[PDB]
Amino acid sequence: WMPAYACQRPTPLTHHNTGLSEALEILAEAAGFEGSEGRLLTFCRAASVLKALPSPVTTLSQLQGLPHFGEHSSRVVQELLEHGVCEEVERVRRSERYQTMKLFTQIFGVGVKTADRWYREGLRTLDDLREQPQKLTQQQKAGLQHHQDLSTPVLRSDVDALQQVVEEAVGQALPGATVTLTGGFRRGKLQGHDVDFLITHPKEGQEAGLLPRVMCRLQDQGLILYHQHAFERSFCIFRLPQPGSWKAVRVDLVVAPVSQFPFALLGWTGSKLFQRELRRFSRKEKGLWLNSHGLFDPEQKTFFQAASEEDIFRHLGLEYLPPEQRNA
DNA sequence: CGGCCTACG
DNA sequence: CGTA
DNA sequence: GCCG
Ligand SMILES: Nc1nc2c([nH]c(=O)n2[C@H]2C[C@H](O)[C@@H](COP(=O)(O)OP(=O)(O)OP(=O)(O)O)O2)c(=O)[nH]1
Ligand SMILES: [Ca+2]
Ligand SMILES: [Ca+2]
Ligand SMILES: [Cl-]
Ligand code: NA
């Protein structure tokens, strides 16, 4: 009854198994810190199965038949149902390794590999990193300076005002260019850790060279606290107004030609697990290669022309899911 | 057992 | 290596 | 860790 791929079932933003999904996601995250991407995926997939269920899981027998629930994930759920707490999950939560890798990897510019190396060197706190700043990249220095603000959620209420300053710069850079809100906010989220915008122009080719022009105008307006600088993705830190002040916010800007816009919209709208599952489904079940630029048939060596996300789901033989049901 | 998404900066 |  |  429950299909094995998350892109085959609707997954709403809020659901009926929040506590169980959150515990499995802790185990997924810990697997990621240890470099076990397979274990990370299984725990994330099991969590997403629960998000897709129509009612709360009451008893272990309701997990029989569900995909991605074997010995380990089933024992986690069983302990939460019987005791309200999973010993394994709480042990991870209070471990020094978990807490430190979580704190380090949440820094912009620090990935699992860097956080792991710092952990092995004996570092444990942000103040530890600030005392040896010559070891840091410029990106990591910015992530560390702005860490407090960047750890505060961006509110959907902030986004409209930010979209209009981006739209102003985009319109000067290229009249007729459009800005589309993507990411979690497009899936209905009321907060997020960053804002994601997709930029295009209805005349194919006109978008070439656009993003540098946009970033030069935003920087001239004094709005850019950090950015990396030809390119098509920019990961920047923006000055967002607040009452009598301002706060730093992460903003991602992406440019796509209009021919690729449906693929880019699909990819940047997520969720991350949804898109990994969709790409896995495309390749393993349909023999087609999917990315944020297009959908390739490697037999005929042809790209599928899409005018909408609906087109892409149809070409993969999948029932259409609106963004709000892509919260795997 | 192999596989686990696929890009760009 | 980082980022999405 | 789980699926096929
Ligand atoms: N294919 C692919 N897409 C990814 C990856 N990471 C990642 O964030 N994306 C896509 C799907 C995400 O929904 C989208 C935006 O990323 P994000 O980290 O801002 O996620 P979000 O908006 O859903 O989350 P948030 O800001 O509310 O916390 O980018 C990845 O590793 N692979
Ligand atoms: Ca986001
Ligand atoms: Ca983002
Ligand atoms: Cl693994
Ligand atoms: Na990071």
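By convention in this document, chain letters (A, B, ...) are assigned in the order of the sequence lines, proteins followed by strands, and residues within each chain are numbered from 1. Scope of the values below: all heavy atoms of this structure, side chains included, with no hydrogens, waters or symmetry mates.
- For the pair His227(A) NE2 and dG2(C) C1', the interatomic distance rounds to 17 Å; values are reported in whole Å.
- Judged by the 6.0 Å distance and 45° axis criteria, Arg97(A) is not positioned over the aromatic ring of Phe33(A).
- Atom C1' of nucleotide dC5(B) and atom CD of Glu285(A) are separated by 15 Å, given to the nearest angstrom.
- Projected onto DNA chain B by closest heavy-atom contact, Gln275(A) and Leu211(A) fall at different nucleotides, the more 5' of which corresponds to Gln275(A).
- Under 4.0 angstrom from either OP1 or OP2 of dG2(C) there lies at least one side-chain N or O belonging to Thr114(A).
- Within the 4.0 angstrom heavy-atom criterion, only backbone atoms of the sugar-phosphate kind lie near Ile107(A); the bases stay farther away.
- Contact annotation: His72(A) reaches the phosphate of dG1(D) (side-chain N/O to OP1 or OP2, under 4.0 Å).
- Closest to the side chain of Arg283(A), from the set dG4(D), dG3(B), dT6(B), is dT6(B).
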> Would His72(A) and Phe43(A) count as a ring-ring contact (aromatic ring centres under 6.0 Å, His included) if you check the C-alpha gap in whole Å, the side-chain angles of each, and the deciding distance to 0.1 Å?
Replying inline: CA-CA 9 Å; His72(A) 198 146; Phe43(A) 284 129; 5.3 Å; yes
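- For the OP1/OP2 pair of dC4(B) and a distance below 4.0 Å, the side-chain nitrogens and oxygens of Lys284(A) include at least one atom meeting the criterion.
- Separating the CG atom of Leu273(A) from the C1' atom of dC5(B) is a distance of 11 Å, rounded to the nearest angstrom.
- Nucleic acid contact class of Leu290(A) (heavy atoms, under 4.0 Å, all strands): sugar-phosphate only.
- Ionic pairing of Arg91(A) and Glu88(A) is not present here: no N-O contact between side-chain nitrogen and carboxylate oxygen is shorter than 4.0 angstrom.
- Checked by atom type, the side-chain pair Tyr226(A)/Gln145(A) shows no donor-acceptor distance below 3.5 Å.
- Taking the P atoms as reference points, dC3(D) lies 16 Å from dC5(B), given to the whole Å.
- At the phosphate of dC2(D), OP1 or OP2 sits under 4.0 Å from a side-chain N or O atom of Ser73(A).
- Between the CZ atom of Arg326(A) and the P atom of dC5(B) there is a distance of 19 Å, rounded to whole Å.
- Minimum atom distance to the side chain of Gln139(A) is reached by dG2(C), of the listed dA4(C), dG2(C), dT6(B).
- Between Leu253(A) atom CG and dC8(B) atom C1' the separation is 14 Å, expressed in whole Å.
- At whole-Å resolution of the value, CZ in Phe303(A) and P in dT6(B) are 13 Å apart.
- Contact of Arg233(A) with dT3(C) (side chain to base): no donor-acceptor pair of N or O atoms is detected under 3.5 Å.
- The separation between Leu266(A) atom CG and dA7(B) atom P is 14 Å, rounded to whole Å.
- The separation between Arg279(A) atom CZ and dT6(B) atom P is 7 Å, rounded to whole Å.
- OP1 or OP2 of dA7(B) has at least one side-chain nitrogen or oxygen of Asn291(A) nearer than 4.0 Å.
- The backbone N or O of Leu150(A) lies less than 3.5 Å from no partner atom in the side chain of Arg250(A), so there is not a single donor-acceptor pair.
- In terms of phosphate contacts, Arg250(A) brings a side-chain nitrogen or oxygen within less than 4.0 Å of OP1 or OP2 of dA4(C).
- The cationic group of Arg124(A) lies under 6.0 Å from the six-membered ring centre of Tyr119(A) and within 45° of the ring axis, placing it in a cation-pi geometry.
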